[PDB]
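# Chain and residue survey
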Amino acid sequence: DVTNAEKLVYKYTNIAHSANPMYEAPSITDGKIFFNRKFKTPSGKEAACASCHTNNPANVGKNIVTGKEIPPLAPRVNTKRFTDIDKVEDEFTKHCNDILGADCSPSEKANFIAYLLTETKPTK
Ligand code: HEC
């Protein structure tokens, strides 16, 4: 595990750098607000990455669609996550297109992947 996680980082980082020579590496201090910033959707409705994945992804989320239960999202915390890359290399763009209404920035992904592959301490 991680092999992919690390790849993504080294991936989304390259792409970004390929777009903005300024961006070279990610951080673990940006993957918070962006995931805790009550943003508005193009479908007239506010939401947040912490609306389902809670303020903390490593924690137990909850879908506001069915209201079942979304176990820890932390793809790193869980050994049964972030396995495939091909697929994952889309489900992330399709998501932002169904969350924000478009494809998230390449520098916003490597960021999340970082914080996701960084924080591994849940509350309870
Ligand atoms: C509820 C309406 C959600 C909000 C708000 C956001 N996401 Fe989400 N996410 C949601 C679901 C139903 C799923 C599928 C898995 C599950 O059990 O819920 C996901 C999955 C992700 C993933 C993993 C993708 C994969 O590895 O296949 C990521 C990385 C992810 N979500 C990130 C993410 C971000 C960045 C969000 C704000 C821009 C966000 N989610 C909001 C449901 C919901």
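Numbering of residues starts from 1 on every chain and follows the written order of that chain's sequence, so it may differ from the entry's own numbering; residues lacking coordinates are omitted. Values shown for side chains rest on all heavy atoms present in the structure; no hydrogens or waters enter the calculation.

Method of determination, as given in the entry header: solution NMR.

The next point concerns the UniProt feature "disulfide bond" in the protein chain. Any two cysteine sulfur atoms within 2.5 Å of one another count as a disulfide. UniProt positions are given in the numbering used here, feature names are shortened, and annotations may be inferred rather than shown by experiment. For the UniProt disulfide linking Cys 96 and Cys 104, the S-S separation comes out at 2.0 Å, below the 2.5 Å cut-off, so the bridge is there in this model. With respect to class, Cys 96 is no different from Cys 104; both count as buried. Working definition: with a 1.4 Å probe on protein chains only, accessible area under 20% of the residue-type maximum means buried, over 50% means exposed, and in between means partly exposed.

Our next topic: the packing of helix α3 (residues 88–99) against helix α4 (residues 106–116). In this description, a line fitted to the C-alpha atoms serves as the axis of each element, helices being fitted only across the stretch in contact, and the angle between N-to-C directions of two axes falls anywhere from 0 to 180 degrees. Think of it this way: any DSSP run of H or I at least four residues long counts as a helix, any run of E at least two long counts as a strand, and we number them from the N terminus. The geometry of α3 relative to α4 is characterised by a closest axis approach of 12 Å and an angle of 110° between their N-to-C directions. With respect to α4, the axis of α3 lies roughly perpendicular. In this structure, α3 contributes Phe 92, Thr 93 and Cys 96 to the contact, and α4 contributes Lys 109, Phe 112 and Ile 113. For the contact of α3 with α4, the residue count by class is four nonpolar, one polar and one charged. Put simply, angles under 35 degrees are roughly parallel, angles over 145 are roughly antiparallel, angles from 65 to 115 are roughly perpendicular, and the rest are oblique. Here, two residues are considered to be in contact whenever any of their heavy atoms come within 4.5 Å of each other. Put simply, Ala, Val, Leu, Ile, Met, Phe, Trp, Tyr, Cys and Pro go in the nonpolar bin, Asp, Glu, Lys and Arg in the charged bin, and everything else, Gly too, in the polar bin.

Nearness is defined per residue: one heavy atom within 4 Å of the molecule or strand is enough. As a structural note, the neighbourhood of the ligand is formed by 14 residues, with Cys 49, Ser 51, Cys 52, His 53 and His 95 the closest of them. Between the ligand and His 53 there is a distance of 2.7 Å, counted from a nitrogen atom to a side-chain nitrogen or oxygen. Any pair of nitrogen or oxygen atoms within 3.5 Å is treated as a polar contact; in protein, a donor-acceptor pairing is required on top of that, and neighbouring residues in sequence qualify only through side-chain atoms on both sides. One of the side-chain N or O atoms of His 95 is found 2.8 Å from a nitrogen atom in the ligand. At four residues, α3 tops the list of elements feeding residues into the shell around the ligand. Per-class residue counts for the shell around the ligand are 10 nonpolar, four polar and no charged.

So, about the UniProt feature "binding site: heme c" in the protein chain. As annotated by UniProt and renumbered to match this structure, "binding site: heme c" occupies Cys 49, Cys 52, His 53 and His 95. Despite a sequence span of 47 residues, these residues sit close together in the fold, their greatest C-alpha distance being 13.2 Å. Inspection of the secondary structure assignment puts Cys 52 in helix α2 (residues 49–52). For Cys 52, the contacting residues outside a window of four places in its chain are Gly 61, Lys 62, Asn 63 and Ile 64. With respect to the secondary-structure elements, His 95 resides in helix α3. By relative accessible area, which is 37% here, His 95 ends up partly exposed.

Note on aromatic contacts: the rings of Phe and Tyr and the six-membered ring of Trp form a pair at centre separations within 6.5 Å, being stacked when their planes are under 30 degrees apart, edge-to-face when over 60 apart, and tilted otherwise. Applying the stated rule across the entire model yields two aromatic pairs. On the basis of an interplanar angle of 35° and a centroid distance of 5.9 Å, the ring pair of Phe 35 and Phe 112 is categorised as tilted. With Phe 35 in the loop between α1 (3–19) and β1 (39–41) and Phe 112 in helix α4, this pair connects stretches of sequence that are 77 residues apart. Here the two residues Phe 35 and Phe 112 agree in accessibility, since each one is buried. Summarising the aromatic geometry, the rings of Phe 92 and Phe 112 are spaced 6.2 Å apart at their centres and angled 90° between planes, so their arrangement reads as edge-to-face. Note that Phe 92 is positioned in helix α3 and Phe 112 in helix α4, a separation of 20 residues in sequence. The pair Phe 92 / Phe 112 is uniform in exposure class, with both members buried. A network of ring pairs unites the aromatic residues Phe 35, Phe 92 and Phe 112 as a single cluster.

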